[PDB]
Amino acid sequence: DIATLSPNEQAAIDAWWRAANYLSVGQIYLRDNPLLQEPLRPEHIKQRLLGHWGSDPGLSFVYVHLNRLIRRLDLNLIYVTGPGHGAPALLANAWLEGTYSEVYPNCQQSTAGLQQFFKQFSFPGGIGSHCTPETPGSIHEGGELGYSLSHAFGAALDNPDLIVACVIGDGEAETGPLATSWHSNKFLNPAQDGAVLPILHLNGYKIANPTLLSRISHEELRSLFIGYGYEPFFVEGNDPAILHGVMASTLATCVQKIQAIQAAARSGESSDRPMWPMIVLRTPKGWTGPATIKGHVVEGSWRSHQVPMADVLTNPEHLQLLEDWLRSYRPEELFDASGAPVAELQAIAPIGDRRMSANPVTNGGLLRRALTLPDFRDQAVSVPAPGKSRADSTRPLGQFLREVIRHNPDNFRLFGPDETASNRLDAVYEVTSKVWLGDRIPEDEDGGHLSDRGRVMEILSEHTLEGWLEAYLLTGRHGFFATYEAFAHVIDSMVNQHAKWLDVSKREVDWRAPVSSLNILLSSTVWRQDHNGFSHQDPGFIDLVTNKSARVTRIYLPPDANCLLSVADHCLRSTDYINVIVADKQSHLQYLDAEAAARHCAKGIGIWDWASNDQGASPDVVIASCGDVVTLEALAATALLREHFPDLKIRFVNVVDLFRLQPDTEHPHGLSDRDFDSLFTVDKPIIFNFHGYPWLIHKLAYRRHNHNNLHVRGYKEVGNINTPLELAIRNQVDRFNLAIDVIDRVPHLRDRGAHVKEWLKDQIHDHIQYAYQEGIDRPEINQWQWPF
Amino acid sequence: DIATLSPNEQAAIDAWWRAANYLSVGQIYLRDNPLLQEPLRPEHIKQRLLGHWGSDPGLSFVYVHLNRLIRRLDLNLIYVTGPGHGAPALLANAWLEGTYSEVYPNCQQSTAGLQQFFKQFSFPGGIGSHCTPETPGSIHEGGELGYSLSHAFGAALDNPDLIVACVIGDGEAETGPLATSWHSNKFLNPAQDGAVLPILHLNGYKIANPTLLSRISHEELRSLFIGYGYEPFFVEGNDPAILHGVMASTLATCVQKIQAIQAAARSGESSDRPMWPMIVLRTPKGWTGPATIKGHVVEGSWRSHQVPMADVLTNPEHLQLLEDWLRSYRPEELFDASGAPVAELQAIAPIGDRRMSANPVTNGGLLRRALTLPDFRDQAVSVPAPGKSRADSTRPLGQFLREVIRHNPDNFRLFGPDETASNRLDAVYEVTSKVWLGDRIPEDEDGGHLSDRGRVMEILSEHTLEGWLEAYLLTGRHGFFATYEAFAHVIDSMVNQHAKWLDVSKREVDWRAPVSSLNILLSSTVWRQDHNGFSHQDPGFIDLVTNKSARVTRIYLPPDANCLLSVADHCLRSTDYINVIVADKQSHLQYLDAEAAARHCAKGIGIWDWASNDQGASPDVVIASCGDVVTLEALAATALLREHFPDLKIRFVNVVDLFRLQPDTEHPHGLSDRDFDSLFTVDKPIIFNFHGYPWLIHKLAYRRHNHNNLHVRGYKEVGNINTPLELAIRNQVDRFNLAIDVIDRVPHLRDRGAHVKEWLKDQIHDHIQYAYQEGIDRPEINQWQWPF
Amino acid sequence: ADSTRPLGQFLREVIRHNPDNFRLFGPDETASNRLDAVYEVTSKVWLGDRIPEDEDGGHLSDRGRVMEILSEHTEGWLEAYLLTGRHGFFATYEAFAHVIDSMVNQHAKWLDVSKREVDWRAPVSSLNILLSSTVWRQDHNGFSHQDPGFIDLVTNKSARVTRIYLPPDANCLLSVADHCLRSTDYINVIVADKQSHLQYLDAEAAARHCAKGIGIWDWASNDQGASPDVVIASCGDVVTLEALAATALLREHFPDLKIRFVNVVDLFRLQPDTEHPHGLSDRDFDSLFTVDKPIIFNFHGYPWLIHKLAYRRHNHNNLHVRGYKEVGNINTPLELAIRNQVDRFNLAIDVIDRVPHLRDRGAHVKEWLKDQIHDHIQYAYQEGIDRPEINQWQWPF
Ligand SMILES: Cc1ncc(C[n+]2csc(CCOP(=O)(O)OP(=O)(O)O)c2C)c(N)n1
Ligand SMILES: Cc1ncc(C[n+]2csc(CCOP(=O)(O)OP(=O)(O)O)c2C)c(N)n1
Ligand SMILES: [Mg+2]
Ligand SMILES: [Mg+2]
């Protein structure tokens, strides 16, 4: 009798639904007089109205039904919200359940607390309009549309009993990231993971236009959602008496199929991809609000979004209509004299931790356990001489990630956009394979590592791929993202959304526990110009990350494999940061030992003693490199200068943590003025060789005393197709161009080095001519190694 | 049958008691191999041993009995710990109950978590030996001995159903603050407050000496506890079979009397001070540990404190004795294969929020509600002309505190050590009176304001009085402390103890929610030399507070009544600070309006425009004052200089928030370099007139550019008896001495002002001679007022 | 060698030679501070019931010259004992010195008025307080967040009534204790550490050192007959070891560097001669600390106290103080020094920054020192104890 609904409890469900809408309108409009004991006056209304009403009836409608299903089947829900502006619906339900009062004791369940609850919403020094980290039981910010469904799947990536209900707006479904994210059901594993229940809020209208998915035929819509792999269920109408029975029946129909699918998967009798249930709602937008106000339809139209009435203080007629709107819910029966909800509402509320707004999954920091990290020195390469031994840097990282997977089989996953095999990270394929959950052929068995059980997800769309990881970290688990640098502009919008969540959660919100860090690995840098990716790769993703504060993002550019392992090991321990690691796929030199890499990453910036020419004397020039390809050119430039100028004294500095360049005033993590002056001399010129746009170094090191003597060579532009050496020549980061620049800046080499500067220009022209004749660099360029 | 014990449950209680002691020794000694699956080896033992063992058996003994009693009577307990070094006992019980695993997911209830649990204790990057804020269910740090009983009463000051069980060591009872704190039962109100059950751990030995209270006769000890007003109960012996029955019976005897007392008080039939229950334990120190190790008695002696055996790694014989010590608890039956406690231990543990280590009272920030306070502008005095109207500054504050009491009748109390009437704070006596709960005479009714119900605590022992407030804030309530400045050295030790609690809770601990701030009001400054207090008052309390970091303490020196109200209003909103407010009882001038005071306290330090001589031109000298008495002298010096030097341009600056002087690098609260240079110009001399030791200003403003031009006048020494004017002359903070100082620093007044400097010295000599003949200052000195 | 044992033997000899007008006071820390040498001839006084277990373990008898009680307030015994005309000695932890904060100000008030204002008051014996188990060692007893702030509040009182002594080793401790038992109208605060340490001064050399109060250590000083490049000064005893260890590192890595080592025992000698006749003159101060070379002061306690005393000096702007700032929850003795930057490596880093001709030459060494800081912290986290060569360090020259 779960599908059927009793009439007596339907009134209580409707009573909860009315109370949620009453509190929703109250915080949008009312500033004082919460229970309308006295007649409404303009001083009780907020001066500026930034709330959104169009999505509020739908979210409150679904939420009360879900509480009914939790009471019977003892489920656990999260309710990630799609539209994101339906926060008044969420906060009203959280207040009714008592969760909001427990989290915020000021907003007590009383008349005075109700006045404070309405006052704080959409107000300075108060909670925001969208669902922010201050909102209890929320993981998705929802301000940017299209990433809600991916966050639903990410939260259930390794929780078997968890159920998540994501409400999808029809306008939101027009976005590109949401269109692809439907296919994520295939990657989800029914045996060991939870179930996601997507709900489509097809109200029919956007802010100003009819939605695309509402103006397609019912047959076309059913065809479209069958192709995504979901079982479509349709709930239509605008009569609450009809809608309560139908929507309760459909929810009970879907959850039993969800339990049937999960039980069949765990039993192993049905090892195939099932059609997941899904619910479609055709309820009009704002169907519980005013119908017509100014001669136009304000219910079930685009006018219902965020503005029922434009002016209330100016026009007393609208205020009277507003007062009649609040009276339509009959608030007198819903609340007692004290202002608390009546005993009818208290009984039907979930009890204890089962409340969706109080679920520990949403505050994933409490659920988070520290990762078990094997020592990376086992997988580190051995270097007898720094700069003379050549080995690929991807293989040590792949072995290290494999060991973490075995030691952390549940709370760790790896993400790649069909580049894990390309990135030479096949070491993790030894113990675990990619998860596909589709039809397979024996040709696939020999070719690709595909299985139903796996810890590596591979989908081309980085929008849904990165969305999975963000929810995975906010749930309390740990993850790692590896991709090319050329396609990092795709996740540019999503990174700012996640960095916004961490920034507010760290400072403003006090009950939010810290979650795991966001680790993104960028490979196949712009300098190598691999076969994949467009010809004009852009390292501009590093710049937009630096626009965000240094207290939420960290950028690491390790030169070799050992320094890459130390960065990867250290970043897997951090909590409230976004870690961007820029390594290169191609085989390179190795400069640091396993022990020396740990000391290097501890400081972030360090002098390389073997590369440095003279110690115990003031250097004539400081040569600095940041990336790994540009580090080789910086080292090669040092070899040329030491060969031609034996008396020249060169200090070589390699930087891994970019934000160490920022002064100590900007952030405590940055180097102090005395520390910076020790590394980079106060007066001698600095020849910085930076991977990426050369101006980024000037932004960080602007406040430094020696900023005027800082010279940066970096990425400027790229030709259609170039050799690795020729590309460095055009950007003037080549070994010869750096050696030319050192001659210019050093005061006593501008006259002595004229002959050498002429010789270097001959070498630039000679290598370019050989590149045009043969198409490949000279063998001594490719096989170069440190001569000292 | 609550007093009696079943034999079967006694074994489970003993099983819990053994497991707590086993975990206690494990974290003191073991670093690896928690369950002793393999034979013990020296690499499993911690190299440096800092944990304390002497108090551990006693604390674990009481804790398990309390969990027995909390299961049957469904009570709520806090268990404030006296010795403070019994943290291994508390952490073991918290781990057994599952609270520690929930708070710290790394220390999971498993074999791996047990290894981590033992490893972290007394280790770098781990929990400390004493009861730190990291310890769940702890409000008292316990490192300083003697303040535990006051914290027991403070936590129950307004929680009626709460029960607090504070364990008192016999060596701790020799301390002065603990001896007085016994009388706090009289001030506790049984009708509206909880009951505190003190327990004496009379183990007989200190770290090196027999305790005083164990070496007195049983008759005299019983006489002493009767004099304190407690009903003494004695539990003795060293046999666990006997001790389990007797101690459980005594606990059941005491709690029913506690419930009888509370029920009788709330019924109103017994309105008299009752004899509260008291428990004495004669159990030997470390009576569950080794007896003899090196030919000396290590059980029940002073050797049992913190060192069972001195060396374990060096001597394998002690390691064998250590291994036999762990085997004596029979750990195999207590834990399963996974390492979790067996089902016998799980059943007897408290369930949910009823756990003593998981009570929300201990983490009072969750329980804290924001204080509802009226607008202070209602009680602010009216000033038509600044500096010309004379009114006492204490009366507006007393009225403001009275209004807060009415609006917050439950979560607010006021504390004053026999000086609330002296400080002219009788405005709060209008609505509420001080609580005494003793015999009363009609002479007391007319003279004093005493009643059973009250919100003002009055006891001149500043030790026990300040201890009540600290627990009251950590419980989540709000309070206010008002006392003389002369006796502020008494609570000097307690402030440092509370400051280190807030410092750790803010930064290191993440689950600690912010508590209310500590507001201390200092009256009767050293300059007025009131009748009370010693002749040589010391303002040195301000200096020791500044030794603590600026991010945990704030010091405010409001000049007048309106600025006092703004400071008091602002500090009642703050959360994680110690607020020290220094004002003077004596009637003074008024300089700021109600609106202007709010702007002044917003900036903290600002230019007084009316006192400033010339605007739109560079001032010749900056005259700054910090206190209130010295502000009058600074203003009077300005009047003299403007009278004798019409062309002189003087900028007057008043400083209220002391820590604003610190540079922005030291703390974000401090003024920036540009802001400081605007207030005090970069080149002109600054004549600072500071209440207190003059060097404190140089400590704060040391890093400033214009520090070398800063001249501070302040308290140096005080004669035996002096007039208020003559005392300023001795310390050279008088109006004439300040005017003399300005003449010296200003370059163009050193020659022109020679005649005026001679005249000022005549005025100094003239007033001193009049003071010797008459004993009082001249009438125009006392009735001075701003002439412009 | 441990520095507590020579003081205990000396206190025992005073007790026998002065059986009536001398007593010792300790708040259950005389045995803790390894002062059991006085237990040989005299025992603690209890006057209560006794058991044979107490007889074997504790030294208790009806007749005794050592007072033991937990409450430091009932220091009140000693103050009246001195005003009676007799002599005493107080030994306690530094962590609980804030307890007697109010009482000390009362006694110093009495002495200052009696010395100057009152003429018929005859001088009485001095108040000698010994503070043991300093904040740097972090012993098992006491709260983890020990505060050396008691030294600061004593300095707030006039230099004519309070004297603060920080002897580095056992011999310098005896000379301070011997000298302070002769003084009359002063409050003597002696800060020594319980734990076993190095020894730097001979019996004769300690007497000369305490006579001057502050003096150059010739063996620790690098070059004589030439102007030193930097002056390394230490005041306490734990920080003296770090100051010496920093000197060893700099002399090893910079053979040409000239370092003058100065040790300060009497704190108030830093005050100028104008403030008090006891303080050093301007010429004497300029001889010890050069007028232009940087001074790397390593002070036990709050680092600002040195700036208060030496504010009026000509070379105050070149004075750099490293001292106690904050303490972690639990740390190794070396790790605690790293947090407050008084470690041997942090001092060596500060010398490199301050010396003008080492800011460029010492960049490699400064990088090496930062590696040593990180390496020792990592070893501390893995093992919980410092490396064996750190604990067993000794002067290599
Ligand atoms: C990519 C993108 N395009 C446009 C917007 C602006 N926007 C915010 S809410 C909204 C309304 C669309 O919401 P819909 O999915 O129709 O939700 P419903 O009203 O049915 O809840 C729009 C256009 C946005 N945030 N992101
Ligand atoms: C005022 C003060 N003096 C000395 C100490 C040093 N101390 C720390 S713990 C301790 C032992 C306290 O003895 P007791 O109260 O008998 O405790 P238990 O026997 O239960 O360990 C002492 C003396 C202190 N903390 N405070
Ligand atoms: Mg819509
Ligand atoms: Mg004891």
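Chains as they are written, first to last, in the deposited numbering: chain C, 9 to 796; chain B, 9 to 796; chain A, 399 to 472, 474 to 796.
By construction, the Cβ of each residue, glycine as well, lies at the ideal position given by its N, Cα and C atoms.
is_contact[residue i, chain B] using C-beta, thresh 8 angstroms
{"i": "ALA619(C)", "result": "no"}
{"i": "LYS611(A)", "result": "no"}
{"i": "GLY455(A)", "result": "yes"}
{"i": "residue 8(C)", "result": "Because chain C here runs from 9 to 796, residue 8(C) falls outside it and cannot be looked at."}
{"i": "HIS596(A)", "result": "no"}
Residue i at chain C interface by Cβ criterion, 8 angstroms
{"i": "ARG376(B)", "result": "yes"}
{"i": "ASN371(B)", "result": "no"}
Residue(s) in a DSSP beta bridge with residue i
{"i": "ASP665(A)", "result": "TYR564(A)"}
{"i": "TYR437(A)", "result": "Answer by DSSP bridge pairing: none, since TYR437(A) is not bridged."}
{"i": "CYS174(C)", "result": "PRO206(C)"}
{"i": "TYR238(C)", "result": "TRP284(C)"}
{"i": "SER531(A)", "result": "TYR492(A)"}
Residue i - DSSP class collapsed to helix/strand/coil
{"i": "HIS763(A)", "result": "helix"}
{"i": "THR300(B)", "result": "strand"}
{"i": "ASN101(C)", "result": "helix"}
{"i": "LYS214(C)", "result": "coil"}
{"i": "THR583(A)", "result": "coil"}
Discussion item. Please give the ranges of any alpha helix (DSSP H) in the segment 316–386 of chain B, keeping only runs that are unbroken, at least 4 residues long and fully inside the region.
Written reply: 324–335, 339–342, 351–356 and 372–375
Fill in: Complete runs of the alpha helix (DSSP H) confined to the segment 456–526 of chain C [at least 4 residues]
470–482 and 500–515
Item to complete: Count the C-beta pairs between the segment 231–243 of chain C and the segment 183–195 of chain C that are closer than 8 angstroms, then say yes if the count reaches three, no if not.
Response: yes
Worksheet item: Unbroken alpha helix (DSSP H) runs of length 4 or more, entirely within the segment 607–683 of chain B: which are they?
Response: 637–652
Worksheet entry | Start-end ranges of the beta strand (DSSP E) lying completely within the segment 701–758 of chain B, minimum 3 residues | 718–721
Worksheet item: Between the segment 649–663 of chain B and the segment 574–593 of chain B, do at least 3 Cβ pairs fall closer than 8 angstroms?
Response: no
Worksheet item: Quick check: the segment 486–494 of chain C against the segment 523–532 of chain C, are there 3 or more CB pairs under 8 angstroms?
Response: yes
Discussion item. Quick check on the DSSP output: what are the complete alpha helix (DSSP H) runs of length 4 or more inside the segment 399–430 of chain C, in order along the chain?
Written reply: 402–415
Item to complete: Kindly confirm or deny that the segment 258–270 of chain C and the segment 178–185 of chain C touch, where touching means at least three C-beta pairs closer than 8 angstroms.
Response: no
Worksheet item: Touching or not, the segment 355–373 of chain C and the segment 34–49 of chain C, by the rule of three or more beta carbon pairs under 8 angstroms?
Response: no
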